[PDB]
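Student: Here you go, one structure.
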Amino acid sequence: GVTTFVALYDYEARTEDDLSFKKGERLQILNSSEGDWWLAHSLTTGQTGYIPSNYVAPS
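First residue of the sequence shown? That's 82 in the entry's author numbering, and the numbers climb one at a time after it.
Following this line, the structure appears as structure tokens:
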């Protein structure tokens, strides 16, 4: 299958490439090779961008 995560908190983007998301959105991680900022895609909104990795939990 597919692995997904859930947002634990709201986040409003603080750079142009960050993803804004609402607590409870379901996210897929596209790439985590850059440390604590993961490149994610929201299954909830269809948007894509960097997220702070401490804002998600496993589904």
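Every residue, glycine too, gets a C-beta built ideally from N, C-alpha and C.
Can you confirm whether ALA138, when its beta carbon is compared against all beta carbons of chain B, has any partner nearer than 8 angstroms?
Tutor: The structure shown has no chain B; it contains just one protein chain.
Student: Rounding to the nearest angstrom, what Cα-Cα distance links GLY105 and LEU89 in this structure?
Tutor: Answer to the nearest angstrom: the Cα atoms are 6 angstroms apart.
Student: Can you tell me whether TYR131 is helix, strand or coil according to DSSP?
Tutor: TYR131: strand per DSSP, three-state reduction.
Student: Considering only the alpha carbon of each residue, which of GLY130, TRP119, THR125, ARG107 lies closest to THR85?
Tutor: Answer by Cα proximity: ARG107.
Student: Around the C-beta of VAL137, are 16 or more other C-beta atoms found within 10 angstroms, so that it is buried, or is it exposed?
Tutor: It counts as buried.
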